[PDB]
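Enquirer:
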Amino acid sequence: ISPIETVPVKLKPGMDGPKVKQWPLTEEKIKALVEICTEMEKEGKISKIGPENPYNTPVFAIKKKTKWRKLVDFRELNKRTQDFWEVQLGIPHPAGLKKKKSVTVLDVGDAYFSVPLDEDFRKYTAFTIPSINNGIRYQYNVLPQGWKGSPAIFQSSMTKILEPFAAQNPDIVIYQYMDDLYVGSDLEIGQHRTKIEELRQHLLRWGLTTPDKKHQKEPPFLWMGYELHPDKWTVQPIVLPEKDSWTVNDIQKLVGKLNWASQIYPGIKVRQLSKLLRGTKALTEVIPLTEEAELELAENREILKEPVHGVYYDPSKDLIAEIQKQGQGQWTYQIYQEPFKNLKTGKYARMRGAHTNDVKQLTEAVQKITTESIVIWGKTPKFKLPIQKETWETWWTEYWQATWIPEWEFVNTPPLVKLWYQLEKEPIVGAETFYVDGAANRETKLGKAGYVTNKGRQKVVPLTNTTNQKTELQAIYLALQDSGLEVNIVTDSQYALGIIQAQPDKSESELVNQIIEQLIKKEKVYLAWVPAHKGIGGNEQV
Amino acid sequence: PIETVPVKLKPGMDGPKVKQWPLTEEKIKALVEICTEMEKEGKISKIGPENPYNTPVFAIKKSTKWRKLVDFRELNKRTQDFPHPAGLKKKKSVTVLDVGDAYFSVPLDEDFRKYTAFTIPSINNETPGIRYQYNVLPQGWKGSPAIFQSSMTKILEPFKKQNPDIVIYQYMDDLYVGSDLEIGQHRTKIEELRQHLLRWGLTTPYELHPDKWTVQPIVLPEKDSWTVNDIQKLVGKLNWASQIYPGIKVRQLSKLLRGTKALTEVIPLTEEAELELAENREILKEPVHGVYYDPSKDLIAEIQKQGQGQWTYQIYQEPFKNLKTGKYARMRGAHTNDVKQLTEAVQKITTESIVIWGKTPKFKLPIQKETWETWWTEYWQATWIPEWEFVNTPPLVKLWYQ
Ligand SMILES: N#Cc1ccc2c(Oc3ccccc3OCCn3ccc(=O)[nH]c3=O)cccc2c1
Ligand SMILES: [Mg+2]
Ligand SMILES: [Mg+2]
Numbered sequence: 002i003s004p005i006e007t008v009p010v011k012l013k014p015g016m017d018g019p020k021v022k023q024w025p026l027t028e029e030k031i032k033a034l035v036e037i038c039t040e041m042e043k044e045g046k047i048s049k050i051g052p053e054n055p056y057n058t059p060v061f062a063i064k065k066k069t070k071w072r073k074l075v076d077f078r079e080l081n082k083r084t085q086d087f088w089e090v091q092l093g094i095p096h097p098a099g100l101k102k103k104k105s106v107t108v109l110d111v112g113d114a115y116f117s118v119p120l121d122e123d124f125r126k127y128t129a130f131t132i133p134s135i136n137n141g142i143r144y145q146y147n148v149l150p151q152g153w154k155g156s157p158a159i160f161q162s163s164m165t166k167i168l169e170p171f172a173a174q175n176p177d178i179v180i181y182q183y184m185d186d187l188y189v190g191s192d193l194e195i196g197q198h199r200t201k202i203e204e205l206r207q208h209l210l211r212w213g214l215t216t217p218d219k220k221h222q223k224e225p226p227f228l229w230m231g232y233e234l235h236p237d238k239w240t241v242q243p244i245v246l247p248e249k250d251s252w253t254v255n256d257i258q259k260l261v262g263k264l265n266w267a268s269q270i271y272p273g274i275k276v277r278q279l280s281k282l283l284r285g286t287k288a289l290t291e292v293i294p295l296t297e298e299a300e301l302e303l304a305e306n307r308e309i310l311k312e313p314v315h316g317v318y319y320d321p322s323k324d325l326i327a328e329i330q331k332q333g334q335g336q337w338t339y340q341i342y343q344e345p346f347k348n349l350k351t352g353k354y355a356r357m358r359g360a361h362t363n364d365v366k367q368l369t370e371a372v373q374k375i376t377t378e379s380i381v382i383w384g385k386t387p388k389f390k391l392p393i394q395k396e397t398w399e400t401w402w403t404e405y406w407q408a409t410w411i412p413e414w415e416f417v418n419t420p421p422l423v424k425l426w427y428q429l430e431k432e433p434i435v436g437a438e439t440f441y442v443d444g445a446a447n448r449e450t451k452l453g454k455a456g457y458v459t460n461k462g463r464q465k466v467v468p469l470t471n472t473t474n475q476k477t478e479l480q481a482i483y484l485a486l487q488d489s490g491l492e493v494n495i496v497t498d499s500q501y502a503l504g505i506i507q508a509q510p511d512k513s514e515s516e517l518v519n520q521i522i523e524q525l526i527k528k529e530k531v532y533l534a535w536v537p538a539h540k541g542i543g544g545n546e547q548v
Numbered sequence: 004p005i006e007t008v009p010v011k012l013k014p015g016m017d018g019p020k021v022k023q024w025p026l027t028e029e030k031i032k033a034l035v036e037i038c039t040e041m042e043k044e045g046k047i048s049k050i051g052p053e054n055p056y057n058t059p060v061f062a063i064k065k068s069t070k071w072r073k074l075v076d077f078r079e080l081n082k083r084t085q086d087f095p096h097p098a099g100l101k102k103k104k105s106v107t108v109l110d111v112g113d114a115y116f117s118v119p120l121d122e123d124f125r126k127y128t129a130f131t132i133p134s135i136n137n138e139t140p141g142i143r144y145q146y147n148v149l150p151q152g153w154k155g156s157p158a159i160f161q162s163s164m165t166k167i168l169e170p171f172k173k174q175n176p177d178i179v180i181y182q183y184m185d186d187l188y189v190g191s192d193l194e195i196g197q198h199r200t201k202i203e204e205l206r207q208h209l210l211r212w213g214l215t216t217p232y233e234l235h236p237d238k239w240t241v242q243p244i245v246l247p248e249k250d251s252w253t254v255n256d257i258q259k260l261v262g263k264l265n266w267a268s269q270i271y272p273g274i275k276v277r278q279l280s281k282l283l284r285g286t287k288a289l290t291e292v293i294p295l296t297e298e299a300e301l302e303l304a305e306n307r308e309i310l311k312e313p314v315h316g317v318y319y320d321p322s323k324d325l326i327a328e329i330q331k332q333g334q335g336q337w338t339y340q341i342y343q344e345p346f347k348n349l350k351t352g353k354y355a356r357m358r359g360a361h362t363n364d365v366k367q368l369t370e371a372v373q374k375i376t377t378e379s380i381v382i383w384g385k386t387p388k389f390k391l392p393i394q395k396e397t398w399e400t401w402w403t404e405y406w407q408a409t410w411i412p413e414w415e416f417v418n419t420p421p422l423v424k425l426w427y428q
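Heads up: the protein sequence lines correspond to chains A and B, in order.
Quick note, the first sequence lines up with residues 2 to 66, 69 to 137, 141 to 548 if you use the entry's author numbering.
Quick note, the second sequence lines up with residues 4 to 65, 68 to 87, 95 to 217, 232 to 428 if you use the entry's author numbering.
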């Protein structure tokens, strides 16, 4: 079976072929391996070879509990073989598929064995079936199963094979995934079956068999963790385990399944569980479950109680994205064309820092959605967002970092994204000026936070088990606690200055959160910085 | 052209493997058209699975026609074999010309061609991408101007003979032509060079003024009435500049604030403090001592957003030593955004850097990674691409370089 051209293959430079010996396993499977190898010899898939290849790869035979399968271990050869263009990893997302009147699934059997292997490379595929006294030598003429080059070379071969058929049939759309072909068309059912038959025979001319019966797979289709119905898609049912104790492995699989659920079931929250997964220690140990994680999990269970589906994609209809706040640090989004019919859903939980605010997270969510949309639909969607032009404009104008804000429309669906507070850009007249400082002995971890004001008020609060940074935040917090609704605060800490000027409404540290509550309760707050250890109102202490 | 220049990679190093970035349907369409035509013209050829290598490609508008830009940064890093005039920056006018098309006249070393492999991506992973490699010298590859160098010398020789005072420097796909001539004369000579290039079969389908380029002097505020907050800002800024300029003193200025005063309190400048401030204004006029360019070290460009369409930048090698500083501005017209201005600024800084040192700086970009990676090709008109990374550095930086 020459007509398929062979891809040239080389070993890695400086490397020879595998000499690894056959491991007996003198068990009766020998004869099995004979029978199979005779059949494959009849079909020209393999060949007996002269006494000097010289090379070897281990061959095995088994039946998992009637048939017998030959399994060759190509690991050593695979390490010694050149890389090939990476075979398809990413799969088409169901939400990106365009609805077709008829869809057929074609599994080609013995896919790899139907494609010839490069002649000069065949000697390296040699294997031995053991004689009882000590054997018969064989080599592959086709792409072996388990070999490094098989998927990419078969992929290429299949593409080239498919070109002439697709050329004369532009109205039918063919997806190629591994061995499978998925063939859609809008043609009448009869002539669709006809076109399928044509494709089948065309493939048969290249030595590729397709399902002979009325094709083995019927709607719906279980494919890569999905259910594909003619009019809709969804995910295969997600079963969340119930345990008293959880290891880090269990939590990884849990957040995995939940992540998988998030693309369709709206409202999924993974954050607190991955917070549990912040421990990287090798995956054995029992990880303590936090109340927040338990709550999160329970809510997820309540969401997964109801059945949910997505729809398929129409290029003529607009692409629309909508975003809602899920509570602390967490967001959820829906992508749809028809208003209540979701193409898909998702989430954004990421802080990407110890502190952030709502608008920043929203903008990041928009970014993630944009990327995903480009990947799946090859275009960016329209955004319906729960934020007002004034809010966002003020934010991105006063934001030091460059940002891209799309065309969007304000939808009013509380909670609305808002600025909980805004620091003053100018010092406040009539407001008390707090000169703050804090310090800690790095050895003893003991510290203090204090202020002196222009009204003549001075205070010092003692602190235990703390650092200079935390004390410098502590001082600011202290000045917030003891002042009126309007306050001027002066600090020598670049750290604290950086944290507050960023205007976070949420944080990992409870100290910063307290500071945020204070800032919200305030009306006017101005933060100013001065260089430390120069003549200044606030002075210094130890 | 039949004789190919053999090209090698630095010992113990393989070809580039780099992820192709997802693209919109439009850009993919454009790339498919372009690559179809290029394949018909023999410039590129389809390749099989036996080629592991990949290089990113993008579609940019540079006219209405789509252009294909290949990002060769990795291949450029991994492949080197083999001058910059110092007078180019002194010239009154410098014009840039795209000579890249010429590279398509020269075939590429066969054994090396596989390292030029690139992929036109598919939407939603419907198909594996369309894979090509280059049969000729690709634009953006640093081997191209090196191999074409003798031809370029041959073509330019008569012109240089005719115009001895005109400077011509080549970087990548670009010719930089400086002159001290009057603008009209300059553009006339430029056009002469253009037609000279065209009639010899070199296709050339942006003028600077490096004479005006300078390192920004630090500017101190001028006020009729000074508050405590103002003098605090002043002292902080002068303290920052004190590292760079040794003579600066804050004592008399800080004396006015000496303790426990309200921020909004108006503080008059005493003649001593005003003396100190004036002296500091005077020392800020002179350039910094001991700042020299090192060709063996990476150039580094930091940018910060000043708002209202203003952006400031610094080019340095080692911290606090500034080879150049500048400020870029754009008239908004309500069309503009942050990404556009940042991209433009990056291109301008890179051009300035090429003109002055003959190399591109490593950029520290005040933007989110994914946002830049998404939108940067929209406004990018340049044939080359700089290295870049992404940082914030807000806290004291905006106010000081403002
Ligand atoms: N197993 C399996 C399997 C089956 C079909 C796939 C596929 O099916 C398609 C193949 C070609 C063209 C359109 C396709 O689907 C569009 C959406 N759709 C999907 C399923 C259905 O019944 N009807 C329908 O209109 C597209 C992509 C992957 C597929 C995997
Ligand atoms: Mg299959
Ligand atoms: Mg301090």
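For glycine and all other residues, C-beta sits at the position ideal for the given N, C-alpha and C.
If contact is defined by three or more beta carbon pairs under 8 Å, each pair taking one atom from either stretch, is the segment 483 to 500 of chain A in contact with the segment 433 to 449 of chain A?
Expert: Yes, since at least three Cβ pairs between the segment 433 to 449 of chain A and the segment 483 to 500 of chain A fall closer than 8 Å, the two stretches touch.
Enquirer: Would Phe87/A pass as an interface residue toward chain B - the criterion being a Cβ-Cβ separation below 8 Å?
Expert: True, the Cβ-Cβ gap to chain B drops below 8 Å.
Enquirer: Taking the continuous beta strand (DSSP E) assigned at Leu109/A, which residues delimit it?
Expert: 105 to 109
Enquirer: Between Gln145/A, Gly152/A, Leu187/A, which lies nearest to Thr165/A when the distance is taken from Cα to Cα?
Expert: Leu187/A
Enquirer: Beta carbons nearer than 9 Å to chain A: which residues of the segment 284 to 300 of chain B have them?
Expert: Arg284, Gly285, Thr286, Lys287, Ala288, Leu289, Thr290, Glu291
Enquirer: What in chain A is Cβ-close to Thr376/B, meaning under 8 Å?
Expert: What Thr376/B touches in chain A: nothing, since even the nearest Cβ is about 17 Å away.
Enquirer: Would you list, in chain order, the members of the segment 346 to 369 of chain B that have their beta-carbon closer than 7 Å to a beta-carbon of chain A?
Expert: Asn363, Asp364, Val365, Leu368
Enquirer: Any heavy atom of ligand 4 closer than 7 Å to the beta-carbon of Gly190/A?
Expert: Here the bound small molecules are ligand 1, ligand 2 and ligand 3; ligand 4 is not part of this structure.
Enquirer: Could you please give the first and the last residue of the uninterrupted beta strand (DSSP E) stretch that includes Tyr405/B?
Expert: Counting along the chain, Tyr405/B falls outside any beta strand (DSSP E), though it belongs to the alpha helix (DSSP H) covering 395 to 405.
Enquirer: Check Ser134/B in the structure and name its three-state DSSP category.
Expert: coil
Enquirer: What span of residues does the beta strand (DSSP E) with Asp364/B cover, start to end?
Expert: No beta strand (DSSP E) holds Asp364/B; the alpha helix (DSSP H) holding it covers 364 to 383.
Enquirer: Do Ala538/A and ligand 3 come close, with the Cβ less than 7 Å from some heavy atom?
Expert: yes
Enquirer: Is any non-hydrogen atom of ligand 1 found closer than 7 Å to the C-beta of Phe227/A, if you look at the structure I gave you?
Expert: yes
Enquirer: What's the gap between the Cα of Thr84/B and the Cα of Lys154/B?
Expert: 8 Å
Enquirer: Measuring from the CB of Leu100/A, is there a heavy atom of ligand 1 at a distance below 7 Å?
Expert: Yes, Cβ of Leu100/A sits closer than 7 Å to a heavy atom of ligand 1.
Enquirer: Is it the case that the Cβ atoms of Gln151/B and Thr128/B are separated by a distance below 8 Å?
Expert: The Cβ atoms of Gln151/B and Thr128/B do not sit closer than 8 Å to each other.
Enquirer: Below 8 Å between beta carbons: does that hold for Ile495/A and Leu525/A?
Expert: no
Enquirer: Looking at chain A, is there any beta carbon in it that lies within less than 8 Å of the beta carbon of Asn306/B?
Expert: For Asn306/B, the nearest beta carbon of chain A is not closer than 8 Å to its own beta carbon.
Enquirer: What residue from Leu260/A, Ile5/A, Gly51/A has the CA that sits closest to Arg307/A's CA?
Expert: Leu260/A
Enquirer: If the criterion is Cβ atoms closer than 8 Å, does the pair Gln343/A and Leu325/A meet it?
Expert: yes
Enquirer: Comparing C-alpha positions only, which one of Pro392/B, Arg125/B, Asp113/B, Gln161/B sits nearest to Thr58/B?
Expert: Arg125/B
Enquirer: By a C-beta neighbour count over all protein chains shown, 10 Å radius and 16 as the cutoff for buried, is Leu301/B buried or exposed?
Expert: By the 10 Å Cβ count, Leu301/B comes out exposed.
Enquirer: How is the alpha helix (DSSP H) around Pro170/A delimited, first residue to last?
Expert: 156 to 173
Enquirer: What do you reckon, is the C-beta of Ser499/A under 7 Å from a heavy atom of ligand 3?
Expert: yes
Enquirer: Keeping to the same chain, check which residues put their C-beta closer than 6 Å to that of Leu289/B; ignore five residues upstream and five downstream.
Expert: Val254, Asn255
Enquirer: Would you please verify whether the beta carbon of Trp426/B is less than 8 Å from any beta carbon of chain A?
Expert: no
Enquirer: Would DSSP call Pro170/B helix, strand or coil?
Expert: helix
Enquirer: Roughly how many whole angstroms lie between the Cα atoms of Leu34/B and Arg143/B?
Expert: 12 Å
Enquirer: In the DSSP output, which residue or residues are listed as bridge partners for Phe227/A?
Expert: In the DSSP assignment, the residues bridged to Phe227/A are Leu234/A.
Enquirer: Using three-state DSSP, classify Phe124/A as helix, strand or coil.
Expert: helix
Enquirer: Listed in chain order, which residues are found with a beta carbon closer than 7 Å to a heavy atom of ligand 2?
Expert: Result (chain order): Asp110/A, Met184/A, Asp185/A, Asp186/A.
Enquirer: Taking CB distances under 8 Å as the criterion, tell me whether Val148/A reaches chain B.
Expert: no
Enquirer: According to the Cβ coordinates, are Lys388/B and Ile326/B closer than 8 Å?
Expert: yes
Enquirer: Measure from the C-beta of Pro420/B to each C-beta in chain A and report whether the shortest distance is under 8 Å.
Expert: Yes - at least one Cβ of chain A is within 8 Å of the one on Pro420/B.
Enquirer: Answer yes or no: does any C-beta atom of chain A fall closer than 8 Å to that of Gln258/B?
Expert: yes
Enquirer: Please classify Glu302/A as buried or exposed, where buried requires at least 16 other C-beta atoms within 10 Å of its C-beta.
Expert: buried
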